[PDB]
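Asker: Residue numbers (the entry's author numbering), protein chains in the order written: chain B, 6 to 233; chain E, 6 to 235; chain P, 697 to 796; chain D, 1194 to 1243; chain H, 490 to 538. All residues carry an ideal CB built from backbone N, CA and C; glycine is no exception.
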Amino acid sequence: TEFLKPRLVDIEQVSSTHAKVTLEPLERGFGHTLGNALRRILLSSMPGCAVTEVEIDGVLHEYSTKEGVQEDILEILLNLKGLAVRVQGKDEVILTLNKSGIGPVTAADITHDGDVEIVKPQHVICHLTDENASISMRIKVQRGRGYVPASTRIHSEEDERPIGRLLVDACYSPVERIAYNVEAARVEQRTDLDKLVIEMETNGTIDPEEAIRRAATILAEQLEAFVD
Amino acid sequence: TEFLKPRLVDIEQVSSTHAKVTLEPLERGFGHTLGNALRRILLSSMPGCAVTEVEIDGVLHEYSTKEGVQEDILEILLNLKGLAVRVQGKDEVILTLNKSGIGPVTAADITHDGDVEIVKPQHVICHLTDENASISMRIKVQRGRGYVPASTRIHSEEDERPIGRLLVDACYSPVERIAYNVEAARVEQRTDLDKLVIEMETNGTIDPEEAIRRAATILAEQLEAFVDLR
Amino acid sequence: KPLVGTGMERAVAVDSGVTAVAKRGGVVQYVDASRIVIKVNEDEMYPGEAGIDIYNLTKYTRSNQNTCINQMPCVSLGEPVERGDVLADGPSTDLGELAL
Amino acid sequence: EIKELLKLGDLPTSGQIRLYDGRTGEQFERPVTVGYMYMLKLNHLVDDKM
Amino acid sequence: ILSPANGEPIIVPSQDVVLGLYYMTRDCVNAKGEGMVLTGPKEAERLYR
């Protein structure tokens, strides 16, 4: 055992959501081990809070329409996934949205509480062409883990839903994109060692370095039963 | 947040080399991550011993022949590359071989020191085909990791060696083949869990428990410089 | 050796005259890394001499394209040998088959 | 005849098997051929050109 | 990057890159995730991976 370990060289930040981190030099073939383990941990197994289940008045099914709304309801159910939320006390809670008149229905017009934080108040949901039209719905938000689509959930549930409950894809994990890359570096005589350049992009609720260290901690805490 | 940890459970020695190691429980998506991480770090970073210099008397270079020996000396070197020793205390030893008379010369009759364990004592080295023939050799055994050829060592070292030291390539790593497998486990009501099964094929020189513990150690040490700093 | 060949390995390896072929039948007497001494059968011995053949193999030697020519004994001690066999593989043969 | 041989040793008749990957541990999407070629050196070495 | 014999580009992608570009962009009739909706290319990357 004559191990070799790095000196974190660069973290060059592009915005509040983007980042890229180089790291150099690693023993030969230790680029891919670390890159791959981190990527799988980030995509599949982080915890977070997000919207799951919606109740809209006067809507029965995914195909219908409501007069006085510029969108379909498919556009609504896409605009309602990126709504980044932070819950600190509960494990699930319910929002209520109530609006009338002409104007874009931003996220600020929602009924907010003390223990729930919305991190992009400018986010759009729907438009209202007719000033004689109103909108009134209620939203269910839950805390979980990973990524879970809707077909799996509906196959799992045979419950006799009150006709009007629509189900969304969940996006619990707070990472938009991660991608690594491994290229060659040098130490005085040896031209084999590897530098690793990961490139990460998350929504609100988490600053990138925070995400990377929490993932690495998850993995080491898994391994802790062998070292000693 | 229903995190759960693995514990090393079962070891089942099929033979003196083959071995299967079970390991459970693992939450979904963690079979493959651990499986492939430590598959990649068992095949490249284990420490083991292998022969690295040979001195045989009355022979000057490795292209000659000898009186009453079946193989010519290149074959003796290529047979010595693959004997498996186990050294307890030191990091380099000198072993001695010496025999006379008709018959095959096997690895059994290396004049053992106090703390050198030879794994297979039925591995052939030479053949003697005349009643007057004799052979006497001095082998050196070291410790290290990875693959190290002879050209690198000859160009690095400034030391001077006589006419008669013969250099052998070294291949230190003991693990030969390794393959894992993820299966579905049984816990009281959690049907969500998994189990990992690693099957490992090596020569002697490594008891599998120690192999997996060393792998886990170096992985955690690598992650440590990757948690705290930023 | 090659795992898939066209049956005409053996003729090219023998008729190219680079492997040492037995001259008369017998039973091997003394095998070494650089010579083999064979003792002929009684039926093949004409009554002048004692009937031993001696083969001196040619160890490492230059080939006029600058490569290595050498020969390896292919029989053990004390096993019979019939006329026409091979007793020593050449530079690029294997038990009398062209293996390239 | 070649397929009778392949079926005598318990190997897939089609000739091609499933290969995983070395770096990521994932499976290649499609079956892949595997077999034993017989190949040669040639003496156009590099150490005589550079 | 334009040949002087006739202004046709001279960096056409050759023989192996084109097969990758041709195996990505094609359509099967049954595969999975048939007919669900996304929010951008990024969630398409996450789903495929």
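Buried or exposed: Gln93 (chain B), going by 16 or more other Cβ atoms within 10 Å of its Cβ?
Answerer: The residue labelled residue 93 (chain B) in the question sits at position 88 within the first sequence. Exposed, because fewer than 16 other Cβ atoms sit within 10 Å of the Cβ of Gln93 (chain B).
Asker: Under the DSSP definition of a beta bridge, which residues are partnered with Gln1220 (chain D)?
Answerer: For the purposes of this step, residue 1220 (chain D) is taken as the residue at position 27 of the fourth sequence. Beta-bridge pairing links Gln1220 (chain D) to D:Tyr1213.
Asker: Drop a sphere of 10 angstroms on the beta-carbon of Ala729 (chain P), count the other beta-carbons inside from all chains shown, and report buried for 16 or more, exposed for fewer.
Answerer: By 1-based counting over the third sequence, the position of residue 729 (chain P) is 33. The Cβ neighbour count for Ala729 (chain P), taken over all protein chains shown within 10 Å, is at least 16; the residue is labelled buried.
Asker: Can you grab the Cα-Cα spacing for the pair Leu198 (chain B) / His132 (chain B), in whole Å?
Answerer: For the purposes of this step, residue 198 (chain B) is taken as the residue at position 193 of the first sequence. For the purposes of this step, residue 132 (chain B) is taken as the residue at position 127 of the first sequence. Whole-angstrom Cα-Cα distance: 55 Å.
Asker: Shortest alpha-carbon distance to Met142 (chain B) belongs to which of B:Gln194, B:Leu228, B:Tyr177 and B:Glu58?
Answerer: Taking the first residue of the first sequence as 1, we reach residue 142 (chain B) at position 137. With distances taken between Cα atoms, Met142 (chain B) lies closest to B:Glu58.
Asker: Assign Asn137 (chain E) to one of three DSSP states: helix, strand, or coil.
Answerer: Taking the second sequence and counting its residues from 1, the one referred to as residue 137 (chain E) is at position 132. When DSSP states are grouped into helix, strand and coil, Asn137 (chain E) belongs to the coil group.
Asker: For the alpha helix (DSSP H) that contains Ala221 (chain E), what are its first and last residues?
Answerer: Reading the second sequence from its first residue, position 216 is the one you call residue 221 (chain E). Unbroken alpha helix (DSSP H) run through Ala221 (chain E): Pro213 to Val232.
Asker: Establish whether the CB of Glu67 (chain B) and some CB of chain F are separated by less than 8 Å.
Answerer: Considering every chain present, this structure includes no chain F. Its protein chains are B, E, P, D and H.
Asker: Which first and last residues belong to the beta strand (DSSP E) in which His23 (chain B) is found?
Answerer: On the first sequence, residue 23 (chain B) is found 18 positions in, with the first residue counted as 1. Run containing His23 (chain B): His23 to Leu31, per the beta strand (DSSP E) assignment.
Asker: Compute the distance between the beta-carbons of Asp790 (chain P) and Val717 (chain P), then report whether it is under 8 Å.
Answerer: For the purposes of this step, residue 790 (chain P) is identified with residue 94 of the third sequence, where counting begins at 1. For the purposes of this step, residue 717 (chain P) is identified with residue 21 of the third sequence, where counting begins at 1. It is not a contact, given that the beta carbons lie outside the stated cut-off.
Asker: If you follow the alpha helix (DSSP H) that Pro530 (chain H) is part of, which residue opens it and which one closes it?
Answerer: What you label residue 530 (chain H) is simply residue 41 of the fifth sequence in a count that begins at 1. Start and end: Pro530 to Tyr537.
Asker: Pop quiz: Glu32 (chain B) and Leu13 (chain B) are said to be a contact at Cβ under 8 Å. What is the actual Cβ separation, rounded to whole angstroms?
Answerer: Numbered from 1 along the first sequence, position 27 holds the residue referred to as residue 32 (chain B). Numbered from 1 along the first sequence, position 8 holds the residue referred to as residue 13 (chain B). So it is not a contact: roughly 16 Å between Cβ atoms.
Asker: Thinking C-beta only, is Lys200 (chain E) closer than 8 Å to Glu188 (chain E)?
Answerer: Against the second sequence, residue 188 (chain E) aligns to sequence position 183. Against the second sequence, residue 200 (chain E) aligns to sequence position 195. Judged by their CB atoms, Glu188 (chain E) and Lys200 (chain E) are nearer to each other than the 8 Å cut-off.
Asker: Tell me whether the segment 39-51 of chain E and the segment 84-104 of chain E touch, counting them as touching only if at least three CB pairs, one residue from each stretch, are closer than 8 Å.
Answerer: no
Asker: Nearest by alpha-carbon distance to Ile159 (chain E): which of E:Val232, E:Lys25, E:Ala230 and E:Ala175 is it?
Answerer: If you number the second sequence from 1, residue 159 (chain E) lands on position 154. Residue E:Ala175 is the option with its Cα nearest to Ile159 (chain E).
Asker: Do you know how far the Cα of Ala113 (chain B) is from the Cα of residue 1 (chain B)?
Answerer: This structure cannot speak to residue 1 (chain B), because chain B is shown only from 6 to 233.
Asker: Which two residues bound the contiguous alpha helix (DSSP H) that contains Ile159 (chain B)?
Answerer: Here residue 159 (chain B) refers to the residue found at position 154 of the first sequence. Start and end: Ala155 to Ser161.
Asker: Between the alpha carbons of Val121 (chain E) and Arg91 (chain E), how many angstroms are there, rounded?
Answerer: Start at 1 with the first residue of the second sequence, and residue 121 (chain E) comes out as number 116. Start at 1 with the first residue of the second sequence, and residue 91 (chain E) comes out as number 86. If you take the alpha carbons of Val121 (chain E) and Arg91 (chain E), they lie about 6 Å apart.
Asker: Judging by CA-CA distance, which residue of B:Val64, B:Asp118, B:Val129 and B:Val110 is the nearest neighbour of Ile168 (chain B)?
Answerer: Working through the first sequence from its first residue, we reach residue 168 (chain B) at position 163. Among B:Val64, B:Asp118, B:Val129 and B:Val110, the Cα nearest to that of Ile168 (chain B) is on B:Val64.
Asker: Bridge partners of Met1230 (chain D), per DSSP?
Answerer: The residue given as residue 1230 (chain D) occupies position 37 in the fourth sequence. BP columns for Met1230 (chain D) are empty, so no partner.
Asker: Residues of chain P with a CB under 7 Å from the CB of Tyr1229 (chain D): which are they?
Answerer: On the fourth sequence, position 36 is the one that residue 1229 (chain D) refers to. Ordered by position in chain P, the residues that pass the 7 Å Cβ test against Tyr1229 (chain D) are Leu699.
Asker: Does the beta-carbon of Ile1195 (chain D) have 16 or more other beta-carbons within 10 angstroms, so that it is buried, or is it exposed?
Answerer: Within the fourth sequence, the letter at position 2 stands for residue 1195 (chain D). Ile1195 (chain D) comes out exposed.
Asker: Just tell me which of B:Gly53, B:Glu72, B:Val74 and B:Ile78 has its CA closest to the CA of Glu60 (chain B).
Answerer: Residue mapping note: residue 60 (chain B) aligns to position 55 of the first sequence, counting from 1. For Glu60 (chain B), the nearest C-alpha among the options comes from B:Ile78.
Asker: Run down chain B in chain order and give the residues with a C-beta less than 7 Å from the C-beta of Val526 (chain H).
Answerer: As a position in the fifth sequence, residue 526 (chain H) is number 37, starting the count at 1. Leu79 and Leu83, listed in chain order.
Asker: In its own chain, which residues sit with a C-beta less than 8 Å from the C-beta of residue 1144 (chain D), not counting the 5 before and 5 after it?
Answerer: Because residue 1144 (chain D) is not part of the residues shown, which for chain D are 1194 to 1243, the question remains open.
Asker: Below 7 Å CB to CB, which residues in the same chain sit around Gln127 (chain E) once its five sequence neighbours on both sides are set aside?
Answerer: The count along the second sequence starts at 1 and reaches residue 127 (chain E) at position 122. Contacts found: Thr111 and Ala113.
Asker: Quick one: is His160 (chain E) near chain D, going by C-beta distance under 8 Å?
Answerer: For this step, residue 160 (chain E) is matched to residue 155 along the second sequence. Not one chain D Cβ lies under 8 Å of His160 (chain E).
Asker: Where DSSP assigns a beta bridge to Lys145 (chain B), which residues make up the other side?
Answerer: The residue you call residue 145 (chain B) lines up with position 140 of the first sequence. In the DSSP assignment, the residues bridged to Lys145 (chain B) are B:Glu58 and B:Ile99.
Asker: Between the segment 746-762 of chain P and the segment 719-735 of chain P, do three or more beta carbon pairs fall short of 8 Å?
Answerer: yes
Asker: Evaluate the contact criterion for the segment 218-235 of chain E versus the segment 34-47 of chain E: three or more CB pairs, one atom per stretch, below 8 Å.
Answerer: Segments in contact, yes.
Asker: Under 8 Å between beta-carbons, which chain P residues line up against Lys71 (chain E)? List them in chain order, please.
Answerer: Here residue 71 (chain E) refers to the residue found at position 66 of the second sequence. Per Cβ cutoff of 8 Å: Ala729.
Asker: Do the segment 702-709 of chain P and the segment 731-744 of chain P meet, that is, are 3 or more Cβ pairs less than 8 Å apart?
Answerer: no
Asker: Quickly, what does DSSP pair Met205 (chain E) with across the bridge? List them, please.
Answerer: Walking along the second sequence from the start, residue 205 (chain E) turns up at place 200. DSSP, once it has assigned bridges, lists E:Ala24 and E:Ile183 as partnering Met205 (chain E).
Asker: Output, in sequence order along the chain, the residues in the segment 34-45 of chain E whose CB is closer than 8 Å to any CB in chain B.
Answerer: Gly34, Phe35, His37, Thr38, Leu39, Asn41, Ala42 and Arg45
Asker: Residues in its own chain within less than 6 Å of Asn737 (chain P) by CB, not counting five upstream and five downstream?
Answerer: Taking the first residue of the third sequence as position 1, residue 737 (chain P) is located at position 41. Closer than 6 Å at the Cβ level, and outside the excluded window around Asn737 (chain P), lie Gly721 and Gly722.
Asker: Would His23 (chain B) and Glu162 (chain B) qualify as a contact pair, given that the criterion is a beta-carbon distance under 8 Å?
Answerer: What you label residue 23 (chain B) is simply residue 18 of the first sequence in a count that begins at 1. What you label residue 162 (chain B) is simply residue 157 of the first sequence in a count that begins at 1. Result no, Cβ atoms of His23 (chain B) and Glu162 (chain B) do not sit closer than 8 Å.
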